[PDB]
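A.B. asks: task: produce atomic coordinates for the following.
(chains A, B, C, D, E, F and G)
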Amino acid sequence: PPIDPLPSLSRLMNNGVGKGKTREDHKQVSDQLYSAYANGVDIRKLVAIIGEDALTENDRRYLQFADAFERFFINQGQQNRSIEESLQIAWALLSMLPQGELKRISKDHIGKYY
Amino acid sequence: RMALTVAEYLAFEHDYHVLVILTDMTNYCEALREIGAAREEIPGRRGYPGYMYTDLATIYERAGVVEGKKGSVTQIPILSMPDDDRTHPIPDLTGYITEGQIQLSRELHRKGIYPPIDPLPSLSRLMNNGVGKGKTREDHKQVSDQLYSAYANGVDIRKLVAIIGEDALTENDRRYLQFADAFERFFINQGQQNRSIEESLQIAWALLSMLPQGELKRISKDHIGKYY
Amino acid sequence: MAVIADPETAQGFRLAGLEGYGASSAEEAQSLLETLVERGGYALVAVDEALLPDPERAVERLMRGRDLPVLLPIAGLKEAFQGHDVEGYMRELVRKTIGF
Amino acid sequence: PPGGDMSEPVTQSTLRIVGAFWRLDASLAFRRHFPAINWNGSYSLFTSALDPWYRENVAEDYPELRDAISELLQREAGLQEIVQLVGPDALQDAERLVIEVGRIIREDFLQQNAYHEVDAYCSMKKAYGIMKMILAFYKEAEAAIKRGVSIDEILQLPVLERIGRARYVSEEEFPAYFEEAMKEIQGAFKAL
Amino acid sequence: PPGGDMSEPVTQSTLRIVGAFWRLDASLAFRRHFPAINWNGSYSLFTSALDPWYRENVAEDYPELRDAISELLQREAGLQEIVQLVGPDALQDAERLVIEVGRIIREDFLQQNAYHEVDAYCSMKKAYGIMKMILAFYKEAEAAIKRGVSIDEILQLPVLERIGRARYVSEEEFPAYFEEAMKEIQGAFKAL
Amino acid sequence: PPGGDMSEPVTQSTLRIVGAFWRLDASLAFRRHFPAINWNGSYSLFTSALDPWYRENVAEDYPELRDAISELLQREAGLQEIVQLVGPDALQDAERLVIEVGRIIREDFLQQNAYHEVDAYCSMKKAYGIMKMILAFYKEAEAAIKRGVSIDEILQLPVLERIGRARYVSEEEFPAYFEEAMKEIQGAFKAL
Amino acid sequence: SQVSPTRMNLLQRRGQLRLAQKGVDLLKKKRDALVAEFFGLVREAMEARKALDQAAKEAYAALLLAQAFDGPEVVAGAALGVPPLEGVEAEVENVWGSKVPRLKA
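C.D. replies: Numbering: from 1, shown residues only, chains lettered A, B, ... in the order given. For reference, the structure is listed below:
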């Protein structure tokens, strides 16, 4: 789907399901991926002015991250997915970011999966 | 309407090539507006009438060379439309109606160039449509196509320079802007000076030599040498 | 090259391996400086901190841009001088970057 | 649009919810594009149902290459904006890559004339052909930069001009013409 | 305009007529330089209709001198642009030339004091007069700065002040001060 | 509003009738603190007329505090932007001291809960004391850089932590907690 | 003279705000990077400068009244003068903040 998560935001996500009904990690892993993506759609218009070779290590990872996000996460066409398989994708993409760049989840969540 | 019936009479039925020239088609539109709202009928063309169409149809569509007649009614509308809006009723319908158009602006009227024709925003729809071919010379055929994208390269980058830098222009784009100031000055200042079909093309090609081969792809091998 | 310095310290830059054409002839060495960079037939031109031109605009307007540098700071004398650390740092902060 | 707005009921209900929606600008068409289209702001709704025939009849990479050309055309738009913001004060190898390519694409592939039968005509093979030439120029360019080939010289290959003389080529001549020209790209790239 | 633009119907109608126009702007008016007139905002068709009665009564060099002030401020429009994008101190000498010719065309010639009566009077003699003052300065400064002088030094020279006498000089004691100062322009600036 | 325009009836009508906008911003909300009131984008026209009665009924120096202390945040807003791009490290102690005091007001005083019972319900006799101490710390901190004191030392003081513990207590413990907290500040810049 | 139309212009001017605000956002952190590193080079610069300025001059100034007739001798044994036309090694480099050339002596 064309759905961009950035203009979007549900006003109710805590008044729907809770912990243990969508896995407990879902909550903070949602505000991880928000900030991780968003950062990268701004350095795509800096990918060849200044480049990504003249840019920090941290920001270089935050590029590639965005690209793989459209490919694997947003898009899947007509394939099905569960809460658990979507949180799976998430972890893998987030392993690439160090623990030092994981600060939008709990200590519990980092030690839950990388 | 009245005037055009005395056109019909003398071009068609007494075989003479009559030029009709209509001016102040904004003073027309003042009077059109009056009947627009003071009569029963309601506005429907963003605060002007909706029977406006017919009022600008009956006027313009009479004109045309008829096949069996030697003579013709060649109409030249001269607008005077409020400001430089293009949503204004007048240029609205007029655009659509006519095939091939000419514009004047204020780019070349601050330079002292009379006439101040500008074809960069202007458009043309007959220039390889029974014209540029036929008993109309083919020696300006490829010239028209060339002049377009060439004149463009010009005008546009005059704007792009004041953003990118303040004097920034690359090896290539330097040439673009070089052909702007020149073409416009010489060519578009006519006024009391008449140029024949031949006199045009000569001069035109010599400003075109400012761009090396590769932007001059549209002109053919013949054309280049033709008017060397 | 040319190094533009004090007469006595200009002396030691005219030695082989280096090429100098120094000496003071003014308080900002304008007399020499201008004439010399005008050609730009030296690989490097350098102006010391025992002179250094208070109007840098003067030079730029005459040489008319240069792809080689000009006015590199050299101390220009020895007296145990090393105030050219903090001085150059502030030289930078006053005309560009953040304030104080 | 009577008032000059492309946002009105009657455009939405049945003139933009159809198979294809297109647009025109005024200095766009004047350069040499007759008729002209907006590269971005124009879409087709139907395109997922036109994929069967194009796969089987033309080639099994005709639907792949046609999305692949459209990608490049609309990705240049990425940089377009910044050009009009404060400009490039830094030209890199990855900069002018998308930019020049895309240029050639708008110069020869969207400047067509409808008054000339050499600038357009109904023929599979012309569409197929032209789009394969551009694919070639593109392909090699990405591996030009890596080696140490300045984009400046990329302009100054005569083969860009060979693709710039495919929009005048005689219809009948095109097959043999195309085959001789595919070889020149790959030779004037890998050599230099 | 009740609305503050000329797009209003009541103001578009007053622009269906022809002949002469004038444009008064809010921004010039603040500086207490009335009349406020824009060279980019008006036209007249009584320029060439009045040219007979100019070179018959006024002077022969009046159809000539009027053109010779216009060019000045023509180039000022074009260059004003450039000025606000990057200062003219970065630009070359001859750019800044006509800019400060321009100063005096406002400081002492767009300020016609309705509270000083030697500016409340104006006539052809005060016209033609100050037109030759300005003329001098233009042709001298253009040659002066091709001898390596900068417009910086010339602002300090007495020549700048001198052209400024147009509101410190009378109407009906004017032919005493006209010719007087006129000479010093071509005299005492090519000595300096 | 969904966005609100000042040329929408709803906005330009209300704007006048009420005396206060107690604006919260989105940036401030993501930070998960209530009060989230964006001070630069808030105003209340009341304040003026409320100073008499405040010190009448409430306490002596209470108005004197509120108006005075607001300035911290003011003289921080324009300061942080891009001037302190990596913190201050190339900057003077003048400018350093603002963000040392800046730290305590925005991480202790601006923040408060609404889901902890120790600081969801506050009252005057609590808030007043909080607010006094943070004035008195600007008053001994700015005096520190005239004595020769670095911010390194300031960043290790138990006082900063005591400000955080004065809201991790309630209004009942406030008297005892006020004794200890207050006198601690005075003896924590007389150590420096 | 030149006044804006309403119906045609509307759609351009709404996307004008989209284009501008986002563009300028990232334009902001574009130069910020480059100035942070710049402090690093200006400081480090002078390190070698204090060390080697004084130990150059050490001998120079102590060879002026023992030179002016041993000037000849010293210039002879040593390697002859650096070329006045590009004796230094000039490097060209395109970078943001316009195309500025560098060099090493």
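A.B. asks: how about the lengthiest helix in chain D and chain B, touching?
C.D. replies: Looking across chain D with DSSP state H, the single longest helix is helix D:124-147. No. Helix D:124-147 lies apart from chain B when judged by CB under 8 Å from any CB of the partner chain; the minimum separation is 15.2 Å. C-beta: built from backbone N, CA, C; applies to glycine.
A.B. asks: ok, and what's touching that helix?
C.D. replies: For helix D:124-147, contacts defined as CB atoms under 8 Å, 6 or more residues apart in numbering or on different chains pick out D:58-59, D:62, D:65-66, D:68-69, D:72, D:93-94, D:97, D:101, D:104-105, D:108-109, D:151, D:154, D:159-160, D:162-163, D:166-167, D:171, D:174-175, D:178, D:181-182, D:185-186, D:189-190, D:192.
A.B. asks: which residues of chain A lie near chain G?
C.D. replies: So chain A meets chain G at A:42, A:43, A:45, A:46, A:49, A:50, A:54, A:55, A:56 (CB under 8 Å from any CB).
A.B. asks: about what we covered before: near chain A, from the contacts of helix D:124-147?
C.D. replies: D:94, D:97.
A.B. asks: count the residues that sit near whichever residue of chain A sits closest to chain B.
C.D. replies: The nearest approach of chain A to chain B comes at residue A:49, 12.8 Å away (CB to the nearest CB). Neighbourhood size, residue A:49 [other CB atoms under 10 Å in any protein chain shown]: 23.
A.B. asks: farthest-apart pair in the residues of chain A next to chain G, please.
C.D. replies: The largest separation in these, counting by CB to CB, is between A:45 and A:56 at 16.8 Å.
A.B. asks: neighbour-wise, which of those two wins?
C.D. replies: residue A:45 (19 against 11).
A.B. asks: what residue lies at the spatial centre of chain A?
C.D. replies: With the centre of chain A defined as its mean C-alpha position, the nearest residue by CA atoms, centre = their mean is residue A:33, 2.4 Å away.
A.B. asks: so that one touches residue A:90, yeah?
C.D. replies: Yes. Contact criterion CB atoms under 8 Å: residue A:33 and residue A:90 qualify, at 6.3 Å.
A.B. asks: how about the residue in chain A that chain F sits nearest to, phi and psi?
C.D. replies: Residue nearest to chain F within chain A (CB to the nearest CB): residue A:31, separated by 9.1 Å. Here is the backbone geometry of residue A:31 (degrees, to the nearest 10): phi -100, psi 0.
A.B. asks: again, but for the one 4 residues further on
C.D. replies: Dihedral angles of residue A:35 (phi, psi; degrees, to the nearest 10) stand at phi -70, psi -30.
A.B. asks: which of the contacts of helix D:124-147 are buried?
C.D. replies: The neighbour-count test (16 or more other CB atoms under 10 Å in any protein chain shown) marks D:58, D:62, D:65-66, D:93-94, D:97, D:101, D:104-105, D:108-109, D:151, D:154, D:159-160, D:162-163, D:166-167, D:174, D:178, D:181, D:185, D:189 as buried among these.
A.B. asks: find the nearest non-adjacent residue to residue C:66, please.
C.D. replies: Take residue C:66 and drop its neighbours on the chain: the residue closest to it by CB to CB, 6 or more residues apart in numbering or on different chains is residue C:40, 6.2 Å away.
A.B. asks: now for the one you found, how many residues are close by?
C.D. replies: For residue C:40, using other CB under 10 Å, the count is 16.
A.B. asks: now do the end-to-end distance for stretch D:23-38.
C.D. replies: 6 Å (CA to CA, to the nearest Å).
A.B. asks: following the chain onward from the top helix by length along chain G, which element is next?
C.D. replies: The longest helix of chain G (DSSP H) is helix G:10-60. Per DSSP states H and E, the first helix or strand lying C-terminal to helix G:10-60 is helix G:71-77.
A.B. asks: for the residue of chain D found nearest chain E, give its distance to residue D:48.
C.D. replies: Using CB to the nearest CB, the closest approach of chain D to chain E is made by residue D:86 at 11.9 Å. Applying CB to CB, to the nearest Å, the value for residue D:86 to residue D:48 is 40 Å.
A.B. asks: got it, and residue D:192?
C.D. replies: 41 Å.
A.B. asks: and if you look at residue C:56?
C.D. replies: Taking CB to CB, one finds residue C:56 at 65 Å from residue D:48.
A.B. asks: more crowded one of these two?
C.D. replies: residue C:56 (13 against 9).
A.B. asks: surely that one touches residue C:71?
C.D. replies: Yes. Using CB under 8 Å, residue C:56 is in contact with residue C:71, at 7.2 Å.
A.B. asks: give the contact list for the residue in chain A that chain E sits nearest to.
C.D. replies: Closest residue of chain A to chain E, CB to the nearest CB: residue A:49 (21.1 Å). Going by CB under 8 Å, 6+ apart, residue A:49 touches D:82, D:88, D:90, D:92, D:95, G:30, G:96.
A.B. asks: which of those residues fall in helices?
C.D. replies: Using DSSP H, D:82, D:95, G:30 are the members of the contacts of residue A:49 that sit in helices.
A.B. asks: quick check: residues of chain A near chain D?
C.D. replies: So chain A meets chain D at A:44, A:45, A:47, A:48, A:49, A:50, A:51 (CB under 8 Å from any CB).
A.B. asks: in contact with residue G:91, which residues?
C.D. replies: By CB under 8 Å, 6+ apart, the contact list for residue G:91 reads G:101, G:102, G:103, G:104.
A.B. asks: how about a markdown table for those residues, with distance to residue A:4, secondary structure and neighbour count added?
C.D. replies: Formatted as a markdown table, the contacts of residue G:91 follow (distance: CB to CB, whole Å; DSSP: H, G, I helix; E, B strand; the rest coil; neighbours: other CB atoms under 10 Å in any protein chain shown):
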| residue | distance to residue A:4 | secondary structure | neighbour count |
| --- | --- | --- | --- |
| G:101 | 43 | coil | 13 |
| G:102 | 42 | strand | 11 |
| G:103 | 47 | strand | 16 |
| G:104 | 48 | strand | 7 |
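A.B. asks: now the strands for chain C?
C.D. replies: C:2-4, C:45-47 (DSSP state E).
A.B. asks: wait, what's in contact with the residue in chain D positioned nearest to chain C?
C.D. replies: In chain D, no residue comes nearer to chain C than residue D:89, which is 16.8 Å away by CB to the nearest CB. Taking CB under 8 Å, 6+ apart, we find residue D:89 in contact with B:165, G:96, G:97, G:98, G:99.
A.B. asks: same check on residue C:51?
C.D. replies: Contacts of residue C:51 by CB under 8 Å, 6+ apart are C:4, C:5, C:6, C:24, C:26, C:27, C:28, C:29, C:76.
A.B. asks: what of residue C:59?
C.D. replies: If a contact means CB under 8 Å, 6+ apart, then residue C:59 has C:33, C:34, C:37, C:53, C:70, C:71 as its contacts.
A.B. asks: contact residues of chain C facing chain G?
C.D. replies: C:1, C:8-9, C:11-12, C:15-19, C:41-44, C:67-69, C:74-75, C:77-78, C:80-82, C:84-85, C:88-89, C:92, C:97.
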